[PDB]
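Below is one structure, written out as structure tokens; comments come after it.
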Amino acid sequence: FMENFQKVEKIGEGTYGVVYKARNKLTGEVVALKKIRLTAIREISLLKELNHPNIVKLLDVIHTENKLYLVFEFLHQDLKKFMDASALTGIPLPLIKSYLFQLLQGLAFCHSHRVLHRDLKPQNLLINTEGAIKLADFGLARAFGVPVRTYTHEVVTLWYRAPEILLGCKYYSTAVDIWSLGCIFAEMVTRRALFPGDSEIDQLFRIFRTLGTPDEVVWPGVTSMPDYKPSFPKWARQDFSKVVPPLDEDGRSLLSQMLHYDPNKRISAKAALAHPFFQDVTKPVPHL
Ligand SMILES: CNS(=O)(=O)c1ccc(Nc2ncc3ccc(C(=O)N4CCC[C@@H]4C)cc3n2)c(C)c1
């Protein structure tokens with residue numbers, strides 16, 4: 001068990017537990033080791049076979065004592081730190097394009113196996129110095145749920161939550177991850193979060209003030225959803241030229257389709273990979 005791992009240093013804190021850089025004494029490997037204090041065993045075990053170059057590899061599940069240990073491949077840094085480092089200059093658009101293209105590939109793979117993430121955010125998008133970006137903590141939400149506060153009581157962010165989740169749908173689809181990635185795409189471009197809400201209703205109303213309050217025309221069935229209130233204010237939609245300047249029209253077209261209100265109209269990961277915005281996509285080397 002854990003005797004085979006030498007903790008090197010603490011590198012993060014998830015909603016469920018703490019993450020260490022560790023050395024596997026048996027293999028020589030450097031890994032990221034997450035310790036969770038305590039159906040899950042089977043669901044998490046399934047995730048070990050969800051291998052893709054844009055998914056952080058789950059190397060091992062160790063179940064000993066009242067604790068679950070997940071061993072991951074080690075990556076250099078997360079996208080949140082990189083965005084913060086690029087606050088003055090911005091991430092170059094070719095690199096933005098490459099990151100979005102790679103994450104959509106990851107998403108199309110997971111979604112094809114009917115796995116959703118449900119909690120995408122810059123902090124679980126991890127990068128290396130080659131130019132790769134990978135989705136992390138994939139599928140761990142279906143096991144335990146997404147809490148209001150982490151095990152350290154930090155507030156879990158709502159900024160990337162799709163509107164059908166915020167409106168109280170409990171049987172939502174892969175489209176929720178397309179929404180989250182669209183919010184992240186916009187944030188890389190503008191260097192500001194698109195919808196930085198600090199409560200569920202503040203989050204919902206920020207979406208409404210930019211994209212228009214949804215109605216039965218743009219989203220059939222919306223007015224019957226669990227948390228929908230007829231007393232919601234009615235705001236007009238803004239034009240994307242105001243939302244993400246200076247993204248070109250291909251990028252604005254793609255972003256608008258990732259942010260469609262109706263989950264059934266929202267673009268899939270697979271159709272997004274065919275969008276003309278990626279006609280000239282390349283794999284640049286980032287400056288970390
Ligand atoms: C501190 N921000 S950093 O300074 O830029 C930063 C971020 C990540 C890592 N590397 C890393 N590698 C694999 C992981 C695999 C999984 C996890 C993990 O369980 N999570 C739960 C919360 C979010 C994260 C995905 C973290 C990993 N973290 C490093 C060395 C630095």
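In the structure tokens, the first chain shown is A, the next is B, and so on; residue numbers restart at 1 for each chain, and ligands run from 1 in the order shown.
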Listing only residues of chain A within 6 Å of ligand 1, what is the closest atom pair and its distance in Å (to one decimal) for each, using only C-alpha atoms and all ligand atoms, sorted by chain and residue number ascending, as a tab-separated table?
```
residue	atom	partner	partner_atom_place_in_ligand_line	distance
A:11	CA	ligand 1	30 (C)	5.6
A:12	CA	ligand 1	1 (C)	5.0
A:13	CA	ligand 1	22 (C)	5.5
A:14	CA	ligand 1	22 (C)	3.6
A:19	CA	ligand 1	19 (O)	5.6
A:32	CA	ligand 1	13 (C)	4.8
A:34	CA	ligand 1	19 (O)	5.6
A:72	CA	ligand 1	15 (C)	5.2
A:73	CA	ligand 1	13 (C)	5.7
A:74	CA	ligand 1	12 (N)	3.9
A:75	CA	ligand 1	12 (N)	3.9
A:76	CA	ligand 1	30 (C)	4.7
A:77	CA	ligand 1	6 (C)	3.7
A:78	CA	ligand 1	5 (O)	4.0
A:81	CA	ligand 1	5 (O)	4.7
A:123	CA	ligand 1	23 (C)	5.4
A:124	CA	ligand 1	25 (C)	3.7
A:136	CA	ligand 1	25 (C)	4.7
A:137	CA	ligand 1	25 (C)	5.4
```
Save the residues we just selected, N, CA and C atoms, as a PDB file, in the first residue's frame?
```pdb
ATOM      1  N   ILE A  11       0.908  19.420  -3.252  1.00  0.00           N
ATOM      2  CA  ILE A  11       0.771  20.214  -4.465  1.00  0.00           C
ATOM      3  C   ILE A  11      -0.634  20.737  -4.700  1.00  0.00           C
ATOM      4  N   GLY A  12      -1.624  20.326  -3.918  1.00  0.00           N
ATOM      5  CA  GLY A  12      -2.962  20.849  -4.119  1.00  0.00           C
ATOM      6  C   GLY A  12      -3.929  20.340  -3.075  1.00  0.00           C
ATOM      7  N   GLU A  13      -5.158  20.831  -3.180  1.00  0.00           N
ATOM      8  CA  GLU A  13      -6.253  20.411  -2.316  1.00  0.00           C
ATOM      9  C   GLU A  13      -7.506  20.363  -3.163  1.00  0.00           C
ATOM     10  N   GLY A  14      -8.100  19.177  -3.268  1.00  0.00           N
ATOM     11  CA  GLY A  14      -9.345  19.009  -3.982  1.00  0.00           C
ATOM     12  C   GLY A  14     -10.539  19.218  -3.072  1.00  0.00           C
ATOM     13  N   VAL A  19      -3.634  16.502  -2.272  1.00  0.00           N
ATOM     14  CA  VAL A  19      -2.866  15.940  -3.379  1.00  0.00           C
ATOM     15  C   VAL A  19      -1.395  16.196  -3.117  1.00  0.00           C
ATOM     16  N   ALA A  32       1.200  11.993  -8.837  1.00  0.00           N
ATOM     17  CA  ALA A  32       0.379  12.814  -7.958  1.00  0.00           C
ATOM     18  C   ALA A  32      -0.520  11.865  -7.185  1.00  0.00           C
ATOM     19  N   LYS A  34      -3.514  11.360  -4.385  1.00  0.00           N
ATOM     20  CA  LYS A  34      -4.621  12.016  -3.696  1.00  0.00           C
ATOM     21  C   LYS A  34      -5.200  11.100  -2.627  1.00  0.00           C
ATOM     22  N   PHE A  72      -2.118   9.326  -9.728  1.00  0.00           N
ATOM     23  CA  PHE A  72      -2.246   9.931 -11.049  1.00  0.00           C
ATOM     24  C   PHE A  72      -0.870  10.163 -11.666  1.00  0.00           C
ATOM     25  N   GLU A  73      -0.823  10.195 -12.997  1.00  0.00           N
ATOM     26  CA  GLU A  73       0.338  10.788 -13.653  1.00  0.00           C
ATOM     27  C   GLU A  73       0.515  12.229 -13.172  1.00  0.00           C
ATOM     28  N   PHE A  74       1.766  12.657 -13.102  1.00  0.00           N
ATOM     29  CA  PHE A  74       2.140  13.967 -12.587  1.00  0.00           C
ATOM     30  C   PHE A  74       2.214  14.968 -13.729  1.00  0.00           C
ATOM     31  N   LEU A  75       1.606  16.131 -13.546  1.00  0.00           N
ATOM     32  CA  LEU A  75       1.718  17.186 -14.535  1.00  0.00           C
ATOM     33  C   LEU A  75       2.290  18.435 -13.882  1.00  0.00           C
ATOM     34  N   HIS A  76       2.774  19.334 -14.739  1.00  0.00           N
ATOM     35  CA  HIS A  76       3.605  20.461 -14.324  1.00  0.00           C
ATOM     36  C   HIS A  76       2.797  21.514 -13.574  1.00  0.00           C
ATOM     37  N   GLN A  77       1.596  21.817 -14.058  1.00  0.00           N
ATOM     38  CA  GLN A  77       0.872  22.962 -13.513  1.00  0.00           C
ATOM     39  C   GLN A  77      -0.560  22.927 -14.036  1.00  0.00           C
ATOM     40  N   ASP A  78      -1.434  23.730 -13.435  1.00  0.00           N
ATOM     41  CA  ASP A  78      -2.799  23.840 -13.944  1.00  0.00           C
ATOM     42  C   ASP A  78      -2.980  25.120 -14.767  1.00  0.00           C
ATOM     43  N   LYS A  81      -3.119  28.748 -12.900  1.00  0.00           N
ATOM     44  CA  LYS A  81      -1.826  29.383 -12.687  1.00  0.00           C
ATOM     45  C   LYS A  81      -1.272  29.972 -13.979  1.00  0.00           C
ATOM     46  N   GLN A 123      -8.692  24.923 -12.810  1.00  0.00           N
ATOM     47  CA  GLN A 123      -7.892  24.220 -11.821  1.00  0.00           C
ATOM     48  C   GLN A 123      -7.790  22.717 -12.072  1.00  0.00           C
ATOM     49  N   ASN A 124      -8.711  22.097 -12.823  1.00  0.00           N
ATOM     50  CA  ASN A 124      -8.510  20.692 -13.168  1.00  0.00           C
ATOM     51  C   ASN A 124      -8.199  20.514 -14.652  1.00  0.00           C
ATOM     52  N   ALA A 136      -8.527  16.590 -15.755  1.00  0.00           N
ATOM     53  CA  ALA A 136      -8.230  15.897 -14.510  1.00  0.00           C
ATOM     54  C   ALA A 136      -9.477  15.750 -13.639  1.00  0.00           C
ATOM     55  N   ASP A 137      -9.423  14.756 -12.738  1.00  0.00           N
ATOM     56  CA  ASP A 137     -10.536  14.468 -11.827  1.00  0.00           C
ATOM     57  C   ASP A 137     -11.777  14.036 -12.596  1.00  0.00           C
TER      58      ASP A 137
END
```
Please report as a tab-separated table every residue of segment 57-148 of chain A lying within 12 Å of segment 155-179 of chain A, along with the nearest atom pair and their distance in Å (one decimal), using only C-alpha atoms.
```
residue	atom	partner	partner_atom	distance
A:100	CA	A:178	CA	10.8
A:103	CA	A:178	CA	10.0
A:104	CA	A:178	CA	8.3
A:105	CA	A:178	CA	11.6
A:106	CA	A:177	CA	11.0
A:107	CA	A:177	CA	7.8
A:108	CA	A:174	CA	9.4
A:109	CA	A:174	CA	11.3
A:110	CA	A:174	CA	9.1
A:111	CA	A:174	CA	6.2
A:112	CA	A:174	CA	9.4
A:113	CA	A:174	CA	10.5
A:114	CA	A:174	CA	7.7
A:115	CA	A:174	CA	7.7
A:116	CA	A:174	CA	5.4
A:117	CA	A:177	CA	6.4
A:118	CA	A:177	CA	6.0
A:119	CA	A:161	CA	7.3
A:120	CA	A:177	CA	6.5
A:121	CA	A:160	CA	6.5
A:122	CA	A:160	CA	9.4
A:123	CA	A:157	CA	10.4
A:135	CA	A:177	CA	11.0
A:138	CA	A:177	CA	10.9
A:139	CA	A:177	CA	11.5
A:142	CA	A:170	CA	11.4
A:145	CA	A:170	CA	11.2
A:146	CA	A:156	CA	8.1
A:147	CA	A:156	CA	7.0
A:148	CA	A:156	CA	5.7
```
query = Please, what distance in Å, to one decimal, runs between atom CA of residue 203 of chain A and atom CA of residue 150 of chain A?
reply =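 Atom CA of residue 150 of chain A lies 19.1 Å from atom CA of residue 203 of chain A.
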note = Counting only C-alpha atoms, the residue among A:224, A:4, A:98, A:257 that lies closest to residue 62 of chain A is A:4
key: Atom pair atom CA of residue 37 of chain A / atom CA of residue 16 of chain A: separation (Å)   =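 Spanning atom CA of residue 37 of chain A to atom CA of residue 16 of chain A is a straight-line distance of 7.7 Å.
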message = If DSSP is run on the backbone, what residues of segment 66-115 of chain A are helix (DSSP H, G or I)? A reply as JSON, numbers by chain would be ideal.
response = {"A": [79, 80, 81, 82, 83, 84, 85, 93, 94, 95, 96, 97, 98, 99, 100, 101, 102, 103, 104, 105, 106, 107, 108, 109, 110, 111, 112]}
With N, CA and C atoms retained, could you export that selection as a CSV table (one decimal), in the first residue's frame?
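Output file again-v1.csv follows:
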```csv
chain,number,residue,atom,x,y,z
A,79,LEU,N,-4.1,25.2,-15.5
A,79,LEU,CA,-4.4,26.3,-16.4
A,79,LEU,C,-4.6,27.6,-15.6
A,80,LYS,N,-5.2,27.5,-14.4
A,80,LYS,CA,-5.4,28.7,-13.6
A,80,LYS,C,-4.2,29.4,-13.3
A,81,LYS,N,-3.1,28.7,-12.9
A,81,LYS,CA,-1.8,29.4,-12.7
A,81,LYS,C,-1.3,30.0,-14.0
A,82,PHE,N,-1.4,29.3,-15.1
A,82,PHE,CA,-0.9,29.8,-16.4
A,82,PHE,C,-1.7,31.0,-16.8
A,83,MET,N,-3.0,31.0,-16.7
A,83,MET,CA,-3.8,32.2,-17.0
A,83,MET,C,-3.4,33.4,-16.1
A,84,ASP,N,-3.2,33.2,-14.8
A,84,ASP,CA,-2.7,34.2,-14.0
A,84,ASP,C,-1.3,34.8,-14.4
A,85,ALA,N,-0.4,33.9,-14.8
A,85,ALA,CA,0.9,34.3,-15.3
A,85,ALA,C,0.8,35.1,-16.5
A,93,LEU,N,-3.3,33.5,-29.1
A,93,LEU,CA,-4.5,32.8,-29.7
A,93,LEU,C,-4.1,31.4,-30.3
A,94,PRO,N,-3.0,31.2,-31.0
A,94,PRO,CA,-2.7,29.8,-31.4
A,94,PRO,C,-2.6,28.8,-30.3
A,95,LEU,N,-2.2,29.3,-29.1
A,95,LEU,CA,-2.1,28.3,-28.0
A,95,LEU,C,-3.5,28.1,-27.4
A,96,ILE,N,-4.3,29.2,-27.3
A,96,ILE,CA,-5.7,29.0,-26.9
A,96,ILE,C,-6.4,28.0,-27.8
A,97,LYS,N,-6.3,28.2,-29.1
A,97,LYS,CA,-6.9,27.3,-30.0
A,97,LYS,C,-6.4,25.8,-29.8
A,98,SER,N,-5.1,25.7,-29.6
A,98,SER,CA,-4.6,24.3,-29.4
A,98,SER,C,-5.1,23.7,-28.1
A,99,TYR,N,-5.2,24.5,-27.0
A,99,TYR,CA,-5.7,24.0,-25.8
A,99,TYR,C,-7.2,23.6,-25.9
A,100,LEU,N,-8.0,24.4,-26.6
A,100,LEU,CA,-9.4,24.1,-26.7
A,100,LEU,C,-9.6,22.9,-27.6
A,101,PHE,N,-8.8,22.8,-28.7
A,101,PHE,CA,-8.9,21.6,-29.6
A,101,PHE,C,-8.6,20.3,-28.8
A,102,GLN,N,-7.5,20.4,-28.0
A,102,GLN,CA,-7.1,19.2,-27.2
A,102,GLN,C,-8.2,18.8,-26.2
A,103,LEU,N,-8.7,19.8,-25.5
A,103,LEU,CA,-9.8,19.4,-24.5
A,103,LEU,C,-11.0,18.9,-25.1
A,104,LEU,N,-11.4,19.4,-26.3
A,104,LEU,CA,-12.5,18.9,-27.0
A,104,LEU,C,-12.3,17.5,-27.4
A,105,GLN,N,-11.1,17.1,-27.8
A,105,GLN,CA,-10.7,15.7,-28.1
A,105,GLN,C,-10.9,14.9,-26.8
A,106,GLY,N,-10.4,15.3,-25.7
A,106,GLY,CA,-10.6,14.6,-24.5
A,106,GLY,C,-12.1,14.4,-24.2
A,107,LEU,N,-12.9,15.5,-24.3
A,107,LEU,CA,-14.3,15.4,-24.1
A,107,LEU,C,-15.0,14.5,-25.0
A,108,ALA,N,-14.7,14.5,-26.3
A,108,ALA,CA,-15.3,13.6,-27.2
A,108,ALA,C,-15.0,12.2,-26.9
A,109,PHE,N,-13.8,11.9,-26.4
A,109,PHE,CA,-13.5,10.5,-26.0
A,109,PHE,C,-14.4,10.1,-24.8
A,110,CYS,N,-14.3,10.9,-23.7
A,110,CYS,CA,-15.1,10.5,-22.5
A,110,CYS,C,-16.6,10.5,-22.8
A,111,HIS,N,-17.1,11.4,-23.6
A,111,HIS,CA,-18.5,11.5,-23.8
A,111,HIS,C,-18.9,10.3,-24.7
A,112,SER,N,-18.0,9.8,-25.6
A,112,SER,CA,-18.4,8.7,-26.4
A,112,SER,C,-18.5,7.4,-25.5
```
query = What are the DSSP strand (DSSP E or B) residues of segment 116-190 of chain A, as a count of residues only?
reply = 8
request  = For each of A:189, A:233, A:195, A:282, take the minimum atom-to-atom distance to residue 247 of chain A, counting only C-alpha atoms, then give the residue where this is smallest.
outcome  =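 Nearest to residue 247 of chain A: A:189.
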